[PDB]
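Heads up: the structure comes next, in structure tokens.
Number of protein chains: 2
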Amino acid sequence: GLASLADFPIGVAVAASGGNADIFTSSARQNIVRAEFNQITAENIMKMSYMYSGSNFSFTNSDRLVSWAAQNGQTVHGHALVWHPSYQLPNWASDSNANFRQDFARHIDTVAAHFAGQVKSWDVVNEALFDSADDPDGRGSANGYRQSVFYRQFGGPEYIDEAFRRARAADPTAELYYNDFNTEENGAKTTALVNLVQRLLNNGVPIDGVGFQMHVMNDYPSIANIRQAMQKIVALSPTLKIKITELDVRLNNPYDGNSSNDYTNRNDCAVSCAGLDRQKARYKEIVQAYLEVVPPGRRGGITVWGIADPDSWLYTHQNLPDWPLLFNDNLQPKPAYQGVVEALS
Amino acid sequence: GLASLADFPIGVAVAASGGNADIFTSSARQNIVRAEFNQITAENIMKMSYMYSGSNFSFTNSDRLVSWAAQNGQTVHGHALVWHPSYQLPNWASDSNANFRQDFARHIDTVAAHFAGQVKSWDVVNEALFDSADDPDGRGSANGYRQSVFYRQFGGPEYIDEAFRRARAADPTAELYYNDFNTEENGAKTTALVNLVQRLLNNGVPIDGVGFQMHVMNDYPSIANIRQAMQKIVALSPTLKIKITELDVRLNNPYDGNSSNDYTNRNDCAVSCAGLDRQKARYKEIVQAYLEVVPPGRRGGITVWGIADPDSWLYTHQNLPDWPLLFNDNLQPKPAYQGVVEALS
Ligand SMILES: [Ca+2]
Ligand SMILES: [Ca+2]
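Protein chains in written order, with PDB author numbering: chain A, 1 to 345; chain B, 1 to 345.
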């Protein structure tokens, strides 16, 4: 399948929290992963709070998934050491906690050391950049940075340098990624990414690569913008790796000022519609831009953000159905799957 | 069923956009509606852009639903004449449209007149108040108002006055509501709701009632605050109705700073768990508060926001499973349903 077409990881996000998408329980999903992919990212269960039972570390459920990957031909991309959303914050990660920096170091040291040579790569820090459309903390932009509890407790972005350094000491074999979304738009957040990254390289911070989420729509951003965004990063260093971490492709755009081109019914694109054909071309042109802009030896992987459309976070979004992935509600390849094969080939 | 225990509308949101929850297609859902409820709101298909095919009005799909309702014992609550989210804006509702005010008028006048004796009540304006959590326009607060396209085009909140006057002229029998969420917290948004409603009452605007969406969690906000919030609005006018429009109850609170009390697994509360028992009590206490606070005669209805848990918008939220409604994944009544019957009894 897909993995055989590339010399770098071709990954998928897997669910492990019950219900239909559960990788342990869905032997049909297992067989797609075994046939098509060679790396897994935990969709949720390696997020920060999942490392804890109250205040003790607890790795039973995540060790389960990593041991599954190992026996099923998959490396694992660890997602994620440091990330802000309150639902996944350990209980220590509070403005009130005066031992915050200590508990922050023990987290990185303990988790990275625990998975030492069982995980290929980490999102060491995820989503550190201010995003106008996504600021739950409310605080607005601090020089390009999100003012999350980590920023607030460290007084600045130096929690980023510290997470890299600590992870690198704890596991000297792990590929260490900075990961974020909307940095492919080639706008203000892409510029903040380049400055973020230049600063870490200037400081001697051990970062191995930059992760682009790539949660895109069929027709936005344009690929010239995605191309340029990636080019700008590849230019920063002779060595720095580029990984597409979270690739999914929305047929619907609710931000384009045009409600007349929206698919509003679940039946619209269950078998055949123009949007599925554009989706084949859109997956194709992104994987092409990747191969063209990212030299061999610096390709960290392409990962798609789930197995089958009904598993997707976006199978609904903005009160609109969508069909964002390579496999359809029946676990059958979509024209999207072909676009990726044609690009990789 | 529930509707037989009250002398005000006992309603439910129904889906009609394909898949499992589609009311035209699920005889099992139809039978539940016929048994339990006497009012429907369309979850989606009565939103603004659904009234159009391109630039022309198209009432075909919404007429089918309204026909459905009248045939199966249901009144209809219209949702909504005026609302900001971009996914549902007709093509006219643009800063680039020199005819905005004309197109705005023609929308209200046409849709209201078209449903005139067919829909009992309207959300006339929905979500006009600024919410710190929910500002996609990016503009912040203008004196407690959301600076939506309607607010910008009017230079202020007088689009609200106009929408109520035009609905009243176009369908003089419809009960005319203002609807909003987080106004039950008794915080800053309750205070802005107070200003909003005072102003309309002051201007002589024909508002009939205030809707509380009531998207709550098991333990937040407290019913003391929910009680006082409603009291504050009942206090404004000797005749203003109160309606519960969008009631659902989350077991998971990912805002309480504790990731140790979350249910992370779809199986957690599939059969029984403590959250389901609290949920019975939560539904019960909210309906009791309603009955206590809102005089008979001023009771606009209680509506629950969907039929069965998997139909719910919150069946997943913040990456966590949830179980928000009165019927379970198997269309069996949950303890939630008893809490309602108890409060109504
Ligand atoms: Ca669109
Ligand atoms: Ca919680």
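For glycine and all other residues, C-beta sits at the position ideal for the given N, C-alpha and C.
For residue i, would you say it is in contact with chain B, using Cβ-to-Cβ distances shorter than 7 Å as the test?
i, result
"A/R266", "yes"
"A/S58", "no"
"A/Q318", "yes"
"A/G18", "yes"
"A/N97", "no"
"A/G306", "no"
"A/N328", "no"
"A/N44", "yes"
Assuming contact is defined by CB atoms lying nearer than 7 Å, are residue i and residue j in contact in what I supplied?
i, j, result
"A/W323", "A/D248", "no"
"A/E43", "A/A13", "yes"
"A/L196", "A/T183", "no"
"residue 349 of chain A", "A/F100", "The first residue shown for chain A is 1 and the last is 345, placing residue 349 of chain A beyond what the model contains."
"A/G1", "A/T41", "no"
"A/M214", "A/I244", "yes"
"B/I108", "B/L81", "yes"
"A/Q39", "A/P85", "no"
"B/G300", "B/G209", "yes"
"A/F130", "A/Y151", "no"
"A/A21", "A/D262", "no"
"B/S49", "B/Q88", "yes"
"A/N56", "A/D123", "no"
"A/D171", "A/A116", "yes"
"A/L65", "A/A113", "no"
"B/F327", "B/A308", "yes"
"A/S345", "A/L5", "yes"
"B/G54", "A/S94", "no"
"A/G339", "A/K280", "yes"
"A/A163", "A/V125", "yes"
Could you check which residue in the options has the C-alpha nearest to that of residue i?
i, options, result
"B/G78", "B/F100, B/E36 and B/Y177", "B/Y177"
"B/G204", "B/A70, B/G155, B/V287 and B/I160", "B/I160"
"B/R199", "B/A170, B/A167, B/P157 and B/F181", "B/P157"
"B/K120", "B/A70, B/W83, B/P254 and B/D137", "B/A70"
"B/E127", "B/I32, B/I302, B/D311 and B/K189", "B/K189"
"A/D268", "A/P321, A/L331, A/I223 and A/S141", "A/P321"
"A/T303", "A/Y255, A/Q74, A/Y315 and A/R139", "A/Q74"
"B/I23", "B/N61, B/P206 and B/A174", "B/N61"
Which class does residue i belong to by DSSP, given the choice of helix, strand or coil?
i, result
"B/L247", "strand"
"B/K280", "helix"
"A/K334", "coil"
"A/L129", "strand"
"A/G211", "strand"
"B/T316", "strand"
"A/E184", "coil"
"A/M51", "helix"
"B/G117", "coil"
"B/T303", "strand"
"B/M46", "coil"
"B/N56", "strand"
"B/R146", "strand"
"A/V271", "coil"
"A/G11", "strand"
"B/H77", "strand"
If residue i sits next to residue j, beta carbons under 8 Å apart, how far is it from one beta carbon to the other, in whole angstroms?
i, j, result
"A/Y283", "A/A229", "With 8 Å as the limit, A/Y283 and A/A229 do not qualify as a contact, their Cβ atoms being about 18 Å apart."
"A/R298", "A/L236", "About 11 Å; that fails the 8 Å criterion."
"A/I286", "A/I226", "7 Å"
"A/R166", "A/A105", "6 Å"
"B/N253", "B/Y220", "6 Å"
"A/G18", "B/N319", "Incorrect: roughly 13 Å between the Cβ atoms, too far for contact."
"B/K232", "B/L276", "No, B/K232 and B/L276 are not in contact; Cβ-Cβ is about 32 Å, not under 8 Å."
Can you find a C-beta in chain A that's less than 7 Å from the C-beta of residue i?
i, result
"B/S260", "yes"
"B/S26", "no"
"B/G156", "no"
"B/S86", "yes"
"B/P221", "no"
"B/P310", "no"
"residue 385 of chain B", "One cannot answer for residue 385 of chain B here, as it falls past the ends of chain B, which runs 1 to 345."
"B/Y255", "yes"
"B/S49", "yes"
"B/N202", "no"
Tell me whether residue i counts as near ligand 4, meaning its Cβ is closer than 6 Å to at least one heavy atom of that ligand.
i, result
"B/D262", "With respect to ligand 4, the structure offers nothing, as its ligand set consists of ligand 1 and ligand 2."
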